[PDB]
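Asker: Using the UniProt record's numbering, the first residue of the sequence shown is number 220, and each one after it goes up by one.
Handing you this structure, nothing more for now.
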Amino acid sequence: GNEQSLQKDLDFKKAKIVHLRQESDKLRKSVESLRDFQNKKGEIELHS
């Protein structure tokens with residue numbers, strides 16, 4: 220019974236990991252957007 224409770228807790232953690240995997244793409248998109256923002260700032264600096 221306690222092992223099954225830990226297993227359902229692990230299943231909930233796996234669902235949280237699946238949500239983290241879903242949001243990892245959003246984090247990578249934000250990171251690439253920040254990198255593109257740094258590139259845009261660099262392009263603005265090129266003339267500024």
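Every residue gets a Cβ at the ideal spot worked out from N, C-alpha and C, and that includes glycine.
Do you know how far the Cα of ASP244 is from the Cα of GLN226?
Answerer: Taking the straight line from one Cα to the other gives about 27 Å.
Asker: In this structure, how does DSSP classify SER243 when only helix, strand and coil are distinguished?
Answerer: Of the three classes helix, strand and coil, the one that applies to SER243 here is helix, per DSSP.
Asker: Helix, strand or coil: how does DSSP classify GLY261 here?
Answerer: If DSSP states are grouped into helix, strand and coil, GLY261 belongs with the helices.
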